[PDB]
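>>> Sequence plus experimental coordinates follow:
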Amino acid sequence: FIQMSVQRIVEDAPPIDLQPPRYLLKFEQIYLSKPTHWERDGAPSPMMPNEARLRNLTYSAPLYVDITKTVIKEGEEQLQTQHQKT
Amino acid sequence: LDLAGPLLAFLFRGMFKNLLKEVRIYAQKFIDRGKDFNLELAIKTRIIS
């Protein structure tokens, strides 16, 4: 599931269509990291299952996806801005 | 037999579609002026999480 099915679900989703100028959103790839805290000061730290059990935390990992946003201003130049690790 | 992978895929398709729907709604509401658009505030991580 984590390796194939998440990528398939993200990719198979229809591109968002919006509008005057017109805007399109596409999702390129997904990335998963090792499980990590978001501690209250924002500092990263690897979370061990024992600590998750003790502190009533949830043992989870953040999901990032690259998003390409293309804006059409009718000026023949559609500007695409790609965002890494969203 | 539906194991963890199919069960979570079924659970995740709808949540990702809801994320897309809310991005559409917020983006449309914010772009009716035509000013600009930014992604990072238009995505609600709480939905999936």
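Cool, the structure landed. Numbering: from 1, shown residues only, chains lettered A, B, ... in the order given.
>>> Once you drop chain neighbours, what's closest to the residue of chain A found nearest chain B?
Closest contact between chain A and chain B, by CB to the nearest CB, is at residue A:1 (3.3 Å). Every residue, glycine included, has its C-beta placed from N, CA and C. In space, residue A:1 comes closest to residue B:5 once its chain neighbours are excluded; the distance is 3.3 Å by CB to CB, 6 or more residues apart in numbering or on different chains.
>>> What count of nearby residues applies to that neighbour?
14 (other CB atoms under 10 Å in any protein chain shown).
>>> Does it belong to a helix, a strand or coil?
helix (DSSP: H, G, I helix; E, B strand; the rest coil).
>>> next one: the one 10 residues further on
In three-state terms, and counting by three-state DSSP, residue B:15 is helix.
>>> before we move on, back to that, I'd guessed the residue nearest to residue A:1 sits against residue A:6; true?
No: with contacts counted by CB atoms under 8 Å, residue B:5 stays clear of residue A:6, the gap being 9.9 Å.
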